[PDB]
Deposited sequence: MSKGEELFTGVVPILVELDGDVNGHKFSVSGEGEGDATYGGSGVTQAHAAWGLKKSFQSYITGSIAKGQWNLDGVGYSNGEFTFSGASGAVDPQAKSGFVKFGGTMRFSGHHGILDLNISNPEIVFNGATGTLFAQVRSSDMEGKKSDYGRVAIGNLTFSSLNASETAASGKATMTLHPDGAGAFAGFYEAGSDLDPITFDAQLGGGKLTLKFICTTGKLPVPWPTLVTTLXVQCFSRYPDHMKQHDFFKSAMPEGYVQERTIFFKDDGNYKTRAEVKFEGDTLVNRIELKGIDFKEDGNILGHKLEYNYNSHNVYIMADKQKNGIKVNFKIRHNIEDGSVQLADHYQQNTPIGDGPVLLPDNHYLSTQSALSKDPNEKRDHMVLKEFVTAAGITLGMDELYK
C-alpha cells in the first residue's frame, strides 16, 4: 500500500551501469520515466498458434509432395506454427477487436511447383465469430505463382473468448474462407475444416520510456544484451494480483537484484544492482562483470540484430531470503537468421527491514522496442517497454 502509492503516476528514472566484459570496461547512463499504471485497449504484445491443417503438414513432409517449410518470424511447437504481434485494439467490455501479427510461413513441394506463402496474419473478432486474414502467395499445378494479397483465409468460431482491462485471449475452430481456397490449388473446398487457432494479447502495460548513452565511447557488447540489466517495479499488476507485487512492496527502501546470464555457446554476465528511490527519482545502479566471451562470437563480434523479442519472466517466492527467484530465456536474433539464447537466473531481496509481498508463482509479459535518436551522435539506445503481470486467474 505504501509502496504501491509511489507508482500511481509518472515517475522519473535514472540508470547507472559500470561494466567489465572480458577486460573491456564501459559505463552506461540512462534517463527516462515509468508509468506502472499505463494502459488502454491497444495491443502492446500478442501471440497466436495455428497448425494450418494437420493433414496439410503431413502432406508437405510426405512422400507425394516431398517438401518442407521455412519460417521467418514464425516458430513451431506442439504441431502448431506460432506467431507474434504487437499491433491491434480490443474493446474488453464488448469482447471485440483486432490483432495484427508478423512472420512468414513458406511451404515447398513437387520440385518447387508448390510454393505457398502465408505472411502477417491478422484477426477480427467479436466473441461469437471472427476472420483470420493473411498475405498469401501460392502457385498452380504447373508452377505458375499467384499473388492473392491480403486475403480472408479462415472463418473463426470461438469455443472461448475472454477479455479484461489488461488482456484478451481465445480459441476458435476454423473453416476455409472462399477467398483463400484458390491458394490450395482446388484441393480444399470453401467451408472445409482447418486447424483451430489460439491467441492471447496484452492490452496496455506498465510503460517505460528510456534513453541510454555509453559514456565511455563505443559500447564493447551489443546494446540488446544489456536490456534486461538496464526496473520491474514499473510492471502493471492487475487489481486481482496486487498482493503478488514484490517489487513495489520493497519501495522506497528498494531491493537488490542479482543475475547470472549465460549466453549459449559463449560467456556469461554477473550483475548486482540496487533499485531504490533517491528523492522523487527511481534509481537503478548496476555493476556488471562478463567473462569467457569468444573474441569472434555473437557478443564481442557484434553479430546481434538491433531488435528485441517479447518474453515471459517467471517469478517464484524465495521465503528463506525474504524475496523472489526469477527465471527466463531471452532470444536475441543473430544477423545470419539464427538465435543467440541468453539464460537468465535472478534473485531479488529487499534492502529495508520492512515486510514485503512474497508472491504466488506468476509471470510478467514483457515487450521491448529498440530505436535510435536521429540527433544523438554518441553510442546510445532508446527503449520503449510495456510490462503486465499475468498467470494468476
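Participant: Numbered from 1 along the deposited sequence, what ranges are absent from the coordinates?
Facilitator: Missing CA coords at 1, 232, 396-403.
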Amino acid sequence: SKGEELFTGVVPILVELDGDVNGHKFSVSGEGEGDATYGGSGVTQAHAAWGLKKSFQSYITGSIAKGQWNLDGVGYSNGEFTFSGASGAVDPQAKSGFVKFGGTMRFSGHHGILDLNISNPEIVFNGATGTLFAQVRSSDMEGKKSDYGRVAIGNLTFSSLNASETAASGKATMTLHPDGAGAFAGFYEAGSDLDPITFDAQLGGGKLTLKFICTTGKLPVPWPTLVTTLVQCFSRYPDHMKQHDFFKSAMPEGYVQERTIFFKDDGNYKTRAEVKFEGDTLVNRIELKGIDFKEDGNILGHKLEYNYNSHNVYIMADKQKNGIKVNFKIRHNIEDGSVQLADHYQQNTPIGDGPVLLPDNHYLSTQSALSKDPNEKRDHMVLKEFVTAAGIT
From here on, numbers count along this sequence of modelled residues.
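Participant: In the PDB record, does 87-95 or 244-252 carry the higher mean Cα temperature factor?
Facilitator: Result of the comparison: 244-252.
Participant: Please compare 73-81 with 116-124 and say which has the higher mean C-alpha temperature factor in the record.
Facilitator: Higher mean C-alpha B-factor: 73-81.
Participant: Based on what the PDB entry reports, which of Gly30, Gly42, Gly51, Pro359 has the top C-alpha B-factor?
Facilitator: Checking the PDB record, the top C-alpha B-factor among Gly30, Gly42, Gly51, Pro359 is at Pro359.
Participant: Which one of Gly217, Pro224, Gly323, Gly267 shows the top CA temperature factor in the record?
Facilitator: The listed residue with the largest C-alpha B-factor is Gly323.
Participant: If you rank every modelled residue in this chain by C-alpha B factor, which third holds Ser159: lowest, middle or highest?
Facilitator: Within its chain, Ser159 is a middle-third residue by C-alpha B-factor, going by the deposited values.
Participant: Taking the C-alpha B-factors as the PDB entry records them, is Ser371 in the lowest, middle or highest third of its chain?
Facilitator: It belongs to the middle third of the chain when residues are ordered by C-alpha B-factor.
Participant: Which third of the chain does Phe328 land in by C-alpha B-factor: lowest, middle or highest?
Facilitator: CA B-factor rank for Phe328: middle third.
Participant: Split into thirds by Cα B-factor across the chain's modelled residues, where does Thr228 land: lowest, middle or highest?
Facilitator: Tercile = lowest for this residue's CA B-factor.
Participant: Can you tell me whether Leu14 has a C-alpha B-factor in the lowest, middle or highest third compared with the other modelled residues of the same chain?
Facilitator: Its C-alpha B-factor belongs to the middle third of this chain's values.
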